[PDB]
Amino acid sequence: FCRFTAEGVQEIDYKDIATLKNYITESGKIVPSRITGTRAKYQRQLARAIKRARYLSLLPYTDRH
Amino acid sequence: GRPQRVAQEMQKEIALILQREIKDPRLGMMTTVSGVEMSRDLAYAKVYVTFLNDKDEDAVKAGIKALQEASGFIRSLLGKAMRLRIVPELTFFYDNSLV
Amino acid sequence: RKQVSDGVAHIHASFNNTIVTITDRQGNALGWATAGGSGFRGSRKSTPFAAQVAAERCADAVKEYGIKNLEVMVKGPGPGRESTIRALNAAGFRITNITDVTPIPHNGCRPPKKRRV
Amino acid sequence: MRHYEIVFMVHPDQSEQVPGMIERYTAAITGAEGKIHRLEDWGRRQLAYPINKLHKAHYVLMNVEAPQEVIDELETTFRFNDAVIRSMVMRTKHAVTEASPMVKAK
Amino acid sequence: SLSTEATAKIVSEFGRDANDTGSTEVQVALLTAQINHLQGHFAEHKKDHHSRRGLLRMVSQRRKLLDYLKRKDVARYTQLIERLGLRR
RNA sequence: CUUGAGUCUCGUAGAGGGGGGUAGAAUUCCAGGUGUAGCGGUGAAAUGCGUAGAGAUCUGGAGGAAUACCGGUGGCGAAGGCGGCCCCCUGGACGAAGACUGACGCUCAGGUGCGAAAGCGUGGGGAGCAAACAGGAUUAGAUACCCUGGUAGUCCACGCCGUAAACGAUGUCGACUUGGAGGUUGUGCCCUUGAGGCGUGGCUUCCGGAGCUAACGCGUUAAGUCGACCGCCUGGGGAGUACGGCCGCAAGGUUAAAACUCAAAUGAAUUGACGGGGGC
Ligand SMILES: [Mg+2]
Ligand SMILES: [Mg+2]
Ligand SMILES: [Mg+2]
């Protein structure tokens, strides 16, 4: 439902933890655009971005760690 | 085939799909299946599932229909999970596990 | 001997087997309950009722150190696991939280073939 | 030289050399046509997940149009050296000199 | 693959002018340079058959051009073949 | 001659490829700690396995293997196919815009490659898994299925091998002809403008008209209309066989008979019966 387009970012800087946290569950699983209604490329950009931030320790693989 | 024997194997498969593969969970809980009652030839499976939803038909009803509404989709799931030509008809029952 | 007062137990909510253990707050698990160990075997060890009754074996160790709080974990989706949690609430020990921590991998381990009719 | 955005952390405890090693690293940048288009440090920040049983790692960032080789020895250095505790190196389409979500909080 | 700058250097001499970009010569020269860049990749990466697939797509291409040129003016062909040091 | 063809410049997405890194779970092992009486197995046991203290828990390590969510008609590809993150190398696609070249084309026998898994070779490597084989649970054919183990294999590197229902069971290219709903990814315009309104490309999907089809259906991503080239078949069984060649180290593949035999083989649909089914 065109919310990333409202933000206006064709390329999403991955360092945006606040947006990433909304797209991340308490477990840390990525919510799909089925419910978030985000377009695929951003969906694509976010999934790769979450892993790299997770590698940098910005995002938790899972709280249990 | 032999229903009382295949029941143990099917219950494990039913639990795995129920817990990790849900996106319309009115239960929103770890609902646990007490038992299953497959017919001869496994044509019909009766799944008796208890609800971690405070054991009140109010919350339980939300899921049992949710259990029934997504059956064809979940049918595929269990239907492509034990190489079964019989995809069991799915039925759901809150169990009075507590009396 | 030494009081802990902050209960922390580990259960193994497997299908064919049902076993709880008592743990110290800093790991160091101390004492345990095996429903199979009660003499229940086969279907009887797996019965949800056996898991519910196994509370007394867990309770006696908890009573020896007199621990009260409840921070316990569930690993494995055992049949009627919620009923076992109800039995722990029926006991009336103060409950702080229960953790649904069935371990999920990334598919790294190779699974073994499923059994067939 | 080509664009990059680079971030790593040094063990928080070894922060004595953290201010100098940066430019001591940019010795490569400053000494091999390194056009550092931006650099950021954030300081000790609690790790979301512990790495090597460590917490509050010393966060730092770099933005350079750098040649193919310099980055290599630069990261092998990190691969070589041990004060650093984890590393990362990613190419960027263009140079980024805008407040980053870490600093933009300030 | 290439650098636009190398393509511009080839276009300036092989082409009559910078705009002259379709001339068979200006075409085969670019293909030959591309093959040389791919050959360096294959020296350590023999496994990368997938990239070899394109490699074929061009050696044959000029091969068609050569003929098309050769059947058009051997004059340029004759010099081209030796200009590009090919078919020696 | 320039629209076919192709180049340049501008981008643009993509599990494309090759290499090298690297992460986190998981599993096993090992370390400890605390902590035991079991444990796991079945329908039940057996089988396994525990006071050496197992089983459980944390803490640690080692190893190998694979990359959850995302993630799906979603892409990438000639196809087989491609699924953690990073970097190096590299193929192709596409849009826009303009120029350049000027028929530079298509198909392809022969040809040369490409190539799922298992398999062969050498040396590797060894989590987990699992043919073979092994212990307990047997007689309608138990020769068992089930559990307990388990080597090769499964991974690597280099080799061979060259087949799979390698399947859209639909050769390649080009042109022509009603719709609608999607997806995807371009990009123009016009709205501030998201959204919105006009577009306009690419690719993909589901209906579906006409048309075609034995029927089934197909249906602008035609099985409609056409064109060009290639490939193939001629009742069924014997039979993709004997044998000969070729290839392969083998395994083996490839090539491909004939003898004899028969009145059908066989496709789609249709109507019913039954049942070891279930709803009302
Ligand atoms: Mg293999
Ligand atoms: Mg075949
Ligand atoms: Mg296939």
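Observations on the structure shown:
- Among the candidates A:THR5, A:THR38, A:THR19, residue that is polar (S, T, N, Q), within 9 Å of RNA strand F (Cβ to nearest atom) and either in contact with a strand residue (DSSP E or B) (Cβ under 7 Å, 6 or more places away or on another chain) or in a helix (DSSP H, G or I) (or both): A:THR5
- Which numbered condition D:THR76 fails, given (1) surrounded by 15 or more Cβ atoms within 10 Å (Cβ to Cβ); (2) farther than 24 Å from A:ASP13 by Cα: (1)
- Residue pairs whose Cβ atoms lie under 7 Å apart, sitting 6 or more positions apart in sequence or on different chains, and linking a residue in the range D:53-77 that is within 14 Å of chain A (Cβ to nearest Cβ) and hydrophobic (A, V, I, L, M, F, W, C) to a partner that is more than 10 Å from RNA strand F (Cβ to nearest atom) and part of a helix (DSSP H, G or I), are D:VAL60/D:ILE22.
- Residues of the range C:90-112 satisfying the condition of being more than 13 Å from C:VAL74 (Cβ to Cβ) and hydroxyl-bearing (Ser, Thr, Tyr): C:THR96
- Meeting the requirement of 1 or more residues that are under 23 Å from C:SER83 (Cβ atoms), within 11 Å of another protein chain (Cβ to nearest Cβ) and more than 15 Å from RNA strand F (Cβ to nearest atom), the strands (runs of 3 or more DSSP E) wholly within chain B are B:32-36, B:44-50.
- Flag: C:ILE11 does not match the condition of being within 11 Å of chain B (Cβ to nearest Cβ) and buried (at least 21 other Cβ atoms within 10 Å of the Cβ).
- Among the residues making up the range C:87-101, those that are more than 10 Å from RNA strand F (Cβ to nearest atom) and either under 20 Å from C:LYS45 (Cβ atoms) or not in a helix (DSSP H, G or I) (or both) are C:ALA87, C:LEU88, C:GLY92, C:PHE93, C:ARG94, C:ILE95, C:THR96, C:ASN97, C:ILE98, C:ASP100.
- Note on the range E:64-82: among residues that are free of Cβ contacts under 8 Å to residues at least 12 places away in the same chain and surrounded by 14 or more Cβ atoms within 10 Å (Cβ to Cβ), the one that is farthest from E:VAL28 (Cα to Cα) is E:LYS70.
- Filter result for C:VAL53 (within 13 Å of the chain's Cα centre (by Cα) and within 19 Å of B:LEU98 (Cα to Cα)): yes
- Scanning the range C:43-92 for residues that are more than 9 Å from every other protein chain (Cβ to nearest Cβ) and charged (D, E, K, R) returns C:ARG44, C:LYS45, C:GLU56, C:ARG57, C:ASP60, C:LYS63, C:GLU64, C:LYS68, C:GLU71, C:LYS75.
- Subset tally (residues that are of a type in the set (A, V, I, L, M, F, W, C) and within 13 Å of chain B (Cβ to nearest Cβ)) for the range C:93-114: 3
- Number of positions in the range A:22-35 that are of a type outside the set (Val, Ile, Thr) and outside any loop (DSSP other than H, G, I, E, B): 3
- So C:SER38, is it of a type in the set (S, T, N, Q), in contact with a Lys or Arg (Cβ under 8 Å, 6 or more places away or on another chain) and without any contact (Cβ under 8 Å) to a residue 60 or more places away in the chain: yes
- Looking only at the range E:28-52, and only at residues there that are more than 16 Å from the chain's Cα centre (by Cα) and near RNA strand F (Cβ under 6 Å from one of its atoms), the one that is nearest to the other protein chains (Cβ to nearest Cβ): E:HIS41
- Here is the figure for the range A:33-52: residues that are under 23 Å from D:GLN46 (Cα atoms) and within 11 Å of another protein chain (Cβ to nearest Cβ) total 3.
- Output for the range D:39-52, where each listed residue is touching a residue at least 12 places away in the same chain (Cβ under 8 Å) and on the phi < 0 side of the Ramachandran plot: D:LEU39, D:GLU40, D:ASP41, D:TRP42, D:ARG44, D:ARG45, D:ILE51
- Against the numbered list (1) within 13 Å of another protein chain (Cβ to nearest Cβ); (2) over 13 Å from the mean Cα position of the chain (by Cα); (3) surrounded by 13 or more Cβ atoms within 10 Å (Cβ to Cβ), D:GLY34 comes up short only at (1).
- Out of E:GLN61, E:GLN39, sole residue that is surrounded by 14 or more Cβ atoms within 10 Å (Cβ to Cβ), at negative phi and polar (S, T, N, Q): E:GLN61
- Within the range A:53-65, being more than 7 Å from every other protein chain (Cβ to nearest Cβ) and either surrounded by 15 or more Cβ atoms within 10 Å (Cβ to Cβ) or within 13 Å of A:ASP16 (Cα to Cα) (or both) holds for A:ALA53, A:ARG54.
- Odd one out for C:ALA9 among (1) more than 10 Å from RNA strand F (Cβ to nearest atom); (2) among the small types (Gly, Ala, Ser); (3) not in a loop (DSSP other than H, G, I, E, B): (1)
Computed from the coordinates by the stated procedures, all read-outs in this text should not be read as laboratory data. Cβ: placed from backbone, ideal geometry, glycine included. Neighbour counts: every protein chain shown.
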